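Using ideal geometry, Cβ is built from the backbone for each residue, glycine included, and neighbour counts are taken over all protein chains shown. Coordinate-derived values only; no laboratory data.
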Amino acid sequence: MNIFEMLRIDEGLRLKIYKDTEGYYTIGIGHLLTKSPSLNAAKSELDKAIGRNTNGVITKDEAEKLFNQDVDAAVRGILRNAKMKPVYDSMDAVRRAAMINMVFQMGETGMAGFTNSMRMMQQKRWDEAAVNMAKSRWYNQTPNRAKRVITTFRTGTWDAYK
Ligand SMILES: [Cl-]
Ligand SMILES: [Cl-]
């Protein structure tokens with residue numbers, strides 16, 4: 001198991017534009033296209049990302065190419081964030097993968113309400129952080145995903161994914 005396999009389980013793979021769980025147009029392996037309600041807008045955004053006239057449909061290879069970029073972008077966003085870097089750095093590799101998963105899903109911005117959990121995380125208080133994290137919109141909206149990532153933090157193992 002690794003971050004790629006882990007997120008490919010959490011997000012699935014769809015080769016035609018679809019609506020995510022918040023209703024935003026998405027494609028591929030959780031690649032958000034746009035927060036707007038316009039499909040065309042989504043279609044233009046897709047074409048810009050892929051670099052061709054896609055007509056709302058991409059290949060498996062293109063999906064993966066997007067996924068590679070987005071995972072890389074998530075890591076870098078963590079490293080560039082003054083408040084996350086240090087948390088990330090204090091942790092072991094499995095737990096770092098749990099953090100990247102959250103950042104991928106909710107962006108740096110959504111990560112901001114997690115300030116208190118992150119402190120506990122830094123303090124290595126796993127069980128308390130796990131409890132704190134469940135007290136969130138995130139857990140309430142996508143509970144099964146949230147539990148998997150929360151368990152990962154808690155145990156520092158890949159058990160929730162096997
Ligand atoms: Cl892009
Ligand atoms: Cl879920």
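Once both axes come from the Cα atoms, what is the angle between helix 60-80 and the longest principal axis of the chain, in degrees from 0 to 90, rounded to 10?
Between helix and principal axis, roughly 40 degrees.
How big is D for the chain, in µm² s⁻¹ as a whole number, if Stokes-Einstein is applied with the Kirkwood radius of its Cα pairs at 4 °C and 1.567 mPa s?
Once the numbers are plugged in, D ends up at 79 µm²/s.
Just how many pairs of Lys in the chain have C-alpha atoms closer than 18 Å, counting pairs that are eight or more places apart or on different chains?
Within the chain, the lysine pair count is 17.
Got the relative contact order for segment 1-144 handy, in percent, Cα pairs under 8 Å and 6 or more residues apart?
Once divided by the residue count of segment 1-144, the mean separation gives 16 percent.
Between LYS162 and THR109, 0.36 nm times their residue separation minus their Cα-Cα distance comes to what?
16.1 nm
Tell me the angle of helix 39-50 to the major Cα principal axis of the chain, expressed in degrees between 0 and 90 and rounded to the nearest ten.
80 degrees
Grab the beta carbon distance between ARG76 and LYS135, set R0 = 22 Å, and tell me the FRET efficiency rounded to 0.05.
Efficiency, from the Cβ-Cβ distance: 0.15.
Per the helix-only calculation at 222 nm, which mean residue ellipticity applies to the chain, given -39500 (n - 2.57) for every DSSP H run of n ≥ 4 and division by its residues, nearest 500 deg cm²/dmol?
Rounded to the nearest 500, it is -19000 deg cm²/dmol.
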